[PDB]
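Have a look at the structure below before the remarks.
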Amino acid sequence: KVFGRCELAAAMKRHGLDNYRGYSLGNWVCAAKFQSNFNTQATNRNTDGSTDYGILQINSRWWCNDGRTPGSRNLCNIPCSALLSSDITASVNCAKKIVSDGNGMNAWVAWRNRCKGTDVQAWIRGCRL
Ligand SMILES: *[C@H]1O[C@H](CO)[C@@H](O[C@@H]2O[C@H](CO)[C@@H](O)[C@H](O)[C@H]2NC(C)=O)[C@H](O)[C@H]1F
Ligand code: NA
């Protein structure tokens, strides 16, 4: 599913991400935009052999099982495929664990490089919420 901007903002809010660990909703929307273009089915291989999955490009090295990432963990206890669903529940729940891991949203490289410190509120402008 490719979410619209406001549609994703609303879903993220309903699943408790607005201000989760102190991160306003636009931070989440911005991170999703640059990592997946709001496409739940996005996958991208990493040089180390792991793969990123879903709207928030969650990595198989630590967070989900895809059966092909040697030495990896599955800290969110889910198949990485769950992160590709039109229902963002698994992606959100896993993202809550990731953002609580110690480094906040710096766990998402694209957020650090493209969202952090910017006017992220712009990502939820005009949205009913
Ligand atoms: C694609 O992007 C994701 C998110 O930026 C990258 O995953 C990160 O990988 C680092 C190092 O392996 C890890 O410490 C982070 O926990 C992890 N974040 C997430 C959201 O999974 C991945 O390396 C890239 F392929
Ligand atoms: Na894994």
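For the single chain, residues carry numbers from 1 onward in sequence order. Counting starts at 1 for both ligands and their atoms, following the listed order.
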Query raised in the report: Taking a hydrophobic cluster as the set of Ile, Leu, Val, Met, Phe, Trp and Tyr residues connected by side-chain heavy atoms closer than 4.5 Å, whether directly or through intermediates, do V92 and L129 fall within one such cluster?
Result: yes
Query raised in the report: Is the number of heavy atoms from other residues, nucleotides or ligands under 6.0 Å of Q41 CD greater than 12?
Result: no
Query raised in the report: Are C127 and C6 close enough that their SG atoms are less than 2.5 Å apart?
Result: yes
Query raised in the report: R61 side chain to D48 main-chain N or O, any donor-acceptor pair under 3.5 Å?
Result: yes
Report summary line: By chain and number, the residues contacting ligand 1 below 4.0 angstrom (heavy atoms only) are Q35, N46, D52, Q57, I58, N59, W62, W63, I98, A107, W108, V109
Query raised in the report: About how large, to 10 degrees, is the angle O of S60, then the Na ion (ligand 2), then O of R73?
Result: 90°
Report summary line: Vertex the Na ion (ligand 2), ends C64/O and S72/OG: angle to nearest 10° comes to 170°
Query raised in the report: So, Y23 versus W108, ring centres under 6.0 angstrom or not?
Result: no
**Report entry** Note: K1-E7 ion pair, threshold 4.0 Å (strictly below)
**Finding:** yes
Query raised in the report: Is there side-chain contact between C115 and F34, with heavy atoms separated by less than 4.5 Å?
Result: yes
